[PDB]
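One chain comes next, on its own, written out as structure tokens in the form deposited in one PDB entry.
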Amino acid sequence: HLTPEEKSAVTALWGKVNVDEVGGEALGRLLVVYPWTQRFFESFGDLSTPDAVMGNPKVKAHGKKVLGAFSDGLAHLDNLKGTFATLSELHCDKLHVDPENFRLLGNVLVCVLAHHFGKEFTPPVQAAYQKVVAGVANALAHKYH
């Protein structure tokens, strides 16, 4: 449950997000900063160095897909559970992804937005995004069993 003014800080900032670029950037950083997360991307080609990870086209491609789904979710901030239920089931039953990874990606994304937007990524804007990324991860965790 985000407050109205937190909804509109989220909305305003996202209007400027190149979803493809940021997605590629955040997934790449995940895999660099928390390298055990590479366990899910065995088929992805070269992940041996930061530069290889960041320029990997499959990392970039998948990063666009992930953040695209995140993006869609920002239109349904009042029902993150219902919105992500099917991807939640997919991530549990087919992909076997420990939902803790959603939390780590949440925090990398926050760092990317801060790095990319600089001083515009104010402490109130950050706070609103923290609530978003916890909500998303929670919603993606929700159908695990």
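Each form is matched to the other, and the largest set of C-alpha atoms that superpose within 1.5 Å is called the rigid core. Numbering starts at 1 and follows the sequence shown.
Visitor: Once you work out the mean C-alpha B-factor for both 32-40 and 74-82 from the entry, which is higher?
Guide: Averaging CA B-factors over each stretch, the winner is 74-82.
Visitor: Pick between 63-71 and 97-105: the one whose mean CA B-factor in the entry is higher.
Guide: Between 97-105 and 63-71, it is 63-71 that shows the higher mean C-alpha B-factor.
Visitor: Please rank the C-alpha B-factors of the chain's modelled residues and tell me whether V19 sits in the lowest, middle or highest third.
Guide: Its C-alpha B-factor, which the entry lists for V19, ranks in the highest third among residues of this chain.
Visitor: Sort the modelled residues of this chain by their C-alpha B factor and say whether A9 lands in the lowest, middle or highest third.
Guide: According to the entry, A9 has a C-alpha B-factor in the chain's highest third.
Visitor: How does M54 rank on Cα B-factor within its chain, lowest, middle or highest third?
Guide: Tercile = highest for this residue's CA B-factor.
Visitor: Please rank the C-alpha B-factors of the chain's modelled residues and tell me whether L47 sits in the lowest, middle or highest third.
Guide: Highest third of the chain for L47's C-alpha B-factor.
What comes next is about the form deposited in another entry, which does not appear here.
Visitor: In a superposition on the rigid core, which residue from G82, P35, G118, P57 has a CA displacement reaching 2 Å or more between the shown form and the other one?
Guide: Only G82 moves by 2 Å or more at its C-alpha.
Visitor: 2 Å or more on the CA of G45 between the shown form and the other one, with the rigid core superposed, yes or no?
Guide: No; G45 is a residue whose C-alpha shifts by less than 2 Å between the shown form and the other one when the cores are overlaid.
Visitor: Once the core is aligned, please say if the CA of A69 is shifted by at least 2 angstroms between the shown form and the other one.
Guide: The answer is yes, as the C-alpha of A69 shifts between the shown form and the other one by 2 Å or more after core alignment.
Visitor: If the C-alpha spacing of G82 and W14 moves by 3 Å or more in the other form, is that a move closer or farther apart?
Guide: Compared with the form shown here, the C-alpha atoms of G82 and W14 sit closer together in the other form, by 3 Å or more.
Visitor: Looking in the other form, decide if the C-alpha atoms of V10 and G82 are closer or farther than in the form shown; they differ by 3 Å or more.
Guide: Closer together, which means the C-alphas of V10 and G82 are at least 3 Å nearer in the other form.
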